[PDB]
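Protein chains in written order, with the deposited numbering: chain D, 1 to 22, 30 to 104, 108 to 416; chain C, 1 to 417.
Below you'll find the structure, written out as C-alpha cells, and then a few comments.
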RNA sequence: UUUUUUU
Ligand SMILES: Nc1ncnc2c1ncn2[C@@H]1O[C@H](COP(=O)(O)OP(=O)(O)O)[C@@H](O)[C@H]1O
Ligand SMILES: Nc1ncnc2c1ncn2[C@@H]1O[C@H](COP(=O)(O)OP(=O)(O)O)[C@@H](O)[C@H]1O
Ligand code: BEF
Ligand code: BEF
Ligand SMILES: [Mg+2]
Ligand SMILES: [Mg+2]
C-alpha cells in the first residue's frame, strides 16, 4: 500500500478497495487512515526539500516538486540520521496525520540503502574533470532524423559531464534538436539518468516531450511566473547533484536556459547597476551556478547539461546571456536562421559550433578527420556548408563509412 | 610532527599512526578529530608540535595562520598569533609563518603559536628590518622572462609567438585579452609550463577567480607551483578575500627580494566581484560599473611592479572583450591604462582552429627595448612591419608556418637574413 | 538622476 501509487491509479480503482474496507484526495486519505487502524504498513515517497527551520517535505513530481497536499513530513532527526539534503529521493513507511502525513522510516535513499548514503562525498567536494567518456549521438540506423545526430558528432562532440548549449534564433530548430538528443540518449545510452527540464516554453512541447522521451520531464510553461521557474529548476538541479553523489551519470536537457536566466533577472533584487540589455549586475550569478553544475567527476558519475539558448532576438540581453554562458560551459551547437528558412535541416552553423578539449572525446583518427573536414568547410557559406555536408553524409549510413570516403 | 603534514596524509595512514600511539578507536570519528587527538597525545609526551600558514591580521591586533586547503580563508586548524608576536617581528598580512604550536587549552578554540621559526622561508630576525612594499622604488621591467622552451615542441609555438609579439619581463603587468573560447586559459597554462622550466627560480602562483572548476584541478596537476582557486560556484565575497590574501602574500615575498609571478584567470571576473561588493556611490559608469568600483582592482593589478632594491612582482591576467556587455570593455580599457603588456587573441582566428589565435597587431609590450637585445628588437620590428598589412588569420598562418620550420626563434631570425 | 534605454 503506497500513497503515490494510489494517486496514480484512477478513482474507479480506488473506490473498489475503499468499499471493501468500509474527492479523490479524501478517499485516498480515508483508505490510508482506515488501513492504519488495521496495523499494516503504509508507504510514501518523494523528493526532499529542506526548509529553513530544519525540517523537510517530500515533494511530488505531480506538482513539479512544489508544495503539495500529499507531501510527506521529514523530521530533522531523520535528516541528520541519514545526512539527507535537498534533492534526495526518499521512500519508506509513513503515517496518517495536524494536516500532513509523516514518514516513519526510510527504506531507500536515492534507490539505495540509507546507510550507504551517509559516508558519501558531497557534490561540492567531488574533483571536477574535463569530459572523458563520450556520449556518441549517432544511431547509425539510416533514418533522416539521424542526420541531425551525425552532424553533431562531427561539429561538437558531447561527453559525460559536458556543459553545452544549442544556440540559435527563434524557429531555427533548437527544441527539435533537443528532442533528437533525447532519442539518442535513451537509444544509445540507457544507463544515463535522463531528465528534461522545460522552463518558460510552450505547453504543447512538454506533452510532446513526455511521450517522446524515455525519462522524467519536469516542466514550467510560460503560463507560470518566473519565481516558479526558479524554484522548479533549483529542485531539479539539486536532485541531479544528489544522484551524482551516488556516482550516477545524470543528463539534463534544458529548454530554455536563456529564459531561465531571464527568470533569475526578474527575481534578483535591484543592485542599482544594470548591464547592457537590461540584465542586473548580479542577475547572472545563480544561472552560472546552475549551468556550471554540470561537470565530470573523477570519483564516479557525472552531470551533463545541454540547454537551448536564444540569440538574434533583437534584445541585447540574450546576447549578454549567451556570451556569459559560453564563458561558463564548454560546448556550443549553433543553428542558423538562414539555413532553417531554406528548409535545410539540421540548420547547423558548422564554423561556430565546437567543443572544448574534444581530443579527450575522440579517437586520434577521428580527430584528424574532423580537423581536415573542418578546414574544408570553413571557406564555405553557412548554407553552402550544410548542403555540402548533408549530401556527403546522405550517401552513407554511418559516419565511419563517411570517414573512409576521405 | 607538523599540522599541515598530518592534514595532507591520507586518513588510513593517520589511523594506523594513531593506533601505534595507543588511542581510543579512531575509525568512527572524523579525520579532523584523528589529527587533533594525535596532536594532543604527542604533546603529552613532551615532544614538540609544529604548524604553519599565511598570516592574516584581524582588526583587534591579533591574527591567524590561514591554510591553503581553505584558500587562505578562516579554517578550523588556524593558528593564533598573539599581537606581541606580530610587533616583535613586524609581521604583516601575507607573511608565511612556521613555528612550534600547542593544542588549545580549556576555554580556547585554536592552536596557539609558541615560537616562530621561519618568516617567509627566512630567519625571523631579518624580517624585523626590511623595506616595505609601499616604499620600494618602482621601475620598468629589466630582466627578460623568455617563454620559449626551444625543445621544438608544438606547444612551444605559443611561447615563441608570445616572445615575438609581446615580451614579458620581471615585474610585468600584462593581460591576455580575448573573447570567450579564444584560448586565454590554455595560453596561461602554456605560460605556466614555460615559467616552471625556464624560470624555476621564480615563485609561481596561479590565482583562479570565478572560472571553471575542472580548470582548477587541471592547473594544479599541470603547473609546478602553488594554485589558489575560487570557482564560479563561490560568491563574489569569497573571490575578493581570497585574492587579497594572495596579493598580500606576493608583496611579502617581494619584500624579501623574491621574483613572484601571479597568473590570474580571470581578472575581469575579479573586477566584477569588486563591483558586486563595492558600496554604491550614486554614480554608475557605462556598462553598470560603479564609479568607485575599479579603484580596488586597479590597485590589485597595479601591485605588479619591478623593484630596484631586489625582486619583482609579475602579474599575467586574462581579460574578456566582445561579450556584448559594455562593462567588460570598460574593465579591459581601464586595466590597459594600468598595465604595460597585452596579448590579444582573436575569436576569428580561433574559429578557423588556428592556434595560437594571436592578434599580432593589437598585441605588444611597453618599453620592450628594456627586455630585448639590440638586434632582437630590430628583427621583431621588421617582423611587425611585414605582418601588419596581413589579416588577422593570414598573419598567424604565415607566422606559424615560418616558425614551424625551425626549433628556435634565433634560427628563425637567421633564416630572415 | 546615474546605470538601463544606447548606437
Ligand atoms: N530536423 C528537422 N527536420 C525538419 N524540420 C525541422 C527540423 N528542425 C526544425 N525543423 C522545423 O523548424 C520548426 C521549429 O523548430 P524548433 O525546434 O521549434 O525551433 P526553436 O526551438 O529554435 O524555436 C519546426 O516546425 C520544424 O518544421
Ligand atoms: N593552443 C591551442 N591548441 C589547440 N587548441 C586550443 C589551443 N588554445 C585553445 N584551444 C581550444 O580552445 C578551447 C577553449 O580555449 P580556452 O583557453 O578555454 O579559451 P578561453 O580561456 O578564452 O575561454 C580549448 O578547449 C581548446 O580546444
Ligand atoms: F521559438 Be523557438 F523555440 F526559439
Ligand atoms: F570562456 Be573563456 F575561459 F573566456
Ligand atoms: Mg524551441
Ligand atoms: Mg578560460
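Ideal placement from N, C-alpha and C gives every residue a C-beta, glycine not left out.
Any non-hydrogen atom of ligand 5 within 7 angstroms of residue i CB
{"i": "residue 417/D", "result": "This structure gives no information on residue 417/D, because the portion of chain D shown stretches from 1 to 416."}
{"i": "residue 44/D", "result": "no"}
{"i": "residue 265/D", "result": "yes"}
Residue i Cβ short of 7 angstroms to ligand 4 heavy atom set
{"i": "residue 320/C", "result": "yes"}
{"i": "residue 287/D", "result": "no"}
Three-state secondary structure assigned by DSSP to residue i
{"i": "residue 69/D", "result": "helix"}
{"i": "residue 208/C", "result": "strand"}
{"i": "residue 108/C", "result": "coil"}
{"i": "residue 226/D", "result": "strand"}
{"i": "residue 236/D", "result": "helix"}
{"i": "residue 76/D", "result": "coil"}
{"i": "residue 159/C", "result": "helix"}
{"i": "residue 403/D", "result": "helix"}
{"i": "residue 481/C", "result": "Because residue 481/C is not part of the residues shown, which for chain C are 1 to 417, the question remains open."}
{"i": "residue 423/D", "result": "Given that chain D is displayed from residue 1 to residue 416, the structure contains no residue 423/D and the question cannot be resolved."}
{"i": "residue 1/D", "result": "coil"}
{"i": "residue 20/C", "result": "helix"}
{"i": "residue 365/C", "result": "strand"}
{"i": "residue 169/D", "result": "strand"}
{"i": "residue 285/D", "result": "coil"}
{"i": "residue 279/D", "result": "coil"}
{"i": "residue 380/D", "result": "helix"}
{"i": "residue 302/C", "result": "helix"}
Beta carbon proximity, residue i to chain C, threshold 8 angstroms
{"i": "residue 302/D", "result": "yes"}
{"i": "residue 277/D", "result": "no"}
{"i": "residue 140/D", "result": "yes"}
{"i": "residue 291/D", "result": "yes"}
{"i": "residue 105/D", "result": "Residue 105/D cannot be placed in this structure, since chain D goes from 104 to 108 without the numbers between."}
{"i": "residue 286/D", "result": "yes"}
{"i": "residue 4/D", "result": "no"}
{"i": "residue 384/D", "result": "yes"}
{"i": "residue 137/D", "result": "yes"}
Minimum Cβ-Cβ distance from residue i to chain D less than 8 angstroms
{"i": "residue 352/C", "result": "yes"}
{"i": "residue 217/C", "result": "yes"}
{"i": "residue 359/C", "result": "no"}
{"i": "residue 180/C", "result": "yes"}
{"i": "residue 53/C", "result": "no"}
{"i": "residue 76/C", "result": "no"}
{"i": "residue 356/C", "result": "no"}
{"i": "residue 214/C", "result": "yes"}
Chain C contact residues for residue i, given Cβ-Cβ distances below 9 angstroms
{"i": "residue 134/D", "result": "233"}
{"i": "residue 329/D", "result": "323, 324 and 325"}
{"i": "residue 388/D", "result": "351, 352 and 353"}
{"i": "residue 362/D", "result": "351"}
Contacts of residue i in chain D (Cβ-Cβ under 9 angstroms)
{"i": "residue 320/C", "result": "333 and 337"}
{"i": "residue 280/C", "result": "281, 282 and 283"}
heavy atom of ligand 3 below 7 angstroms from residue i C-beta
{"i": "residue 180/D", "result": "yes"}
8 angstroms Cβ cut-off: residues of chain D touching residue i
{"i": "residue 33/C", "result": "Within chain D, no residue comes near residue 33/C; the closest Cβ sits about 15 angstroms away, beyond 8 angstroms."}
Distance cut-off 7 angstroms: residue i Cβ against heavy atoms of ligand 1
{"i": "residue 63/D", "result": "no"}
Within chain D, partners of residue i - CB distance below 7 angstroms
{"i": "residue 69/C", "result": "Simply none; closest approach about 12 angstroms."}
Per-residue contacts from residue i into chain C (C-beta, under 8 angstroms)
{"i": "residue 299/D", "result": "232 and 233"}
Supposed close pair residue i, residue j - CB separation, criterion 8 angstroms
{"i": "residue 191/D", "j": "residue 263/D", "result": "6 angstroms"}
{"i": "residue 76/D", "j": "residue 61/D", "result": "That belief does not hold up - the Cβ atoms of residue 76/D and residue 61/D are roughly 22 angstroms apart, past 8 angstroms."}
{"i": "residue 292/D", "j": "residue 141/D", "result": "With 8 angstroms as the limit, residue 292/D and residue 141/D do not qualify as a contact, their Cβ atoms being about 30 angstroms apart."}
{"i": "residue 304/C", "j": "residue 176/C", "result": "No, residue 304/C and residue 176/C are not in contact; Cβ-Cβ is about 14 angstroms, not under 8 angstroms."}
{"i": "residue 146/C", "j": "residue 156/C", "result": "About 12 angstroms separates the two Cβ atoms, so there is no contact after all."}
{"i": "residue 51/D", "j": "residue 3/D", "result": "4 angstroms"}
{"i": "residue 14/C", "j": "residue 35/C", "result": "7 angstroms"}
{"i": "residue 72/D", "j": "residue 245/D", "result": "4 angstroms"}
Residue i beta carbon near ligand 6 (any heavy atom closer than 7 angstroms)
{"i": "residue 184/C", "result": "yes"}
Residue i beta carbon near ligand 2 (any heavy atom closer than 7 angstroms)
{"i": "residue 305/C", "result": "no"}
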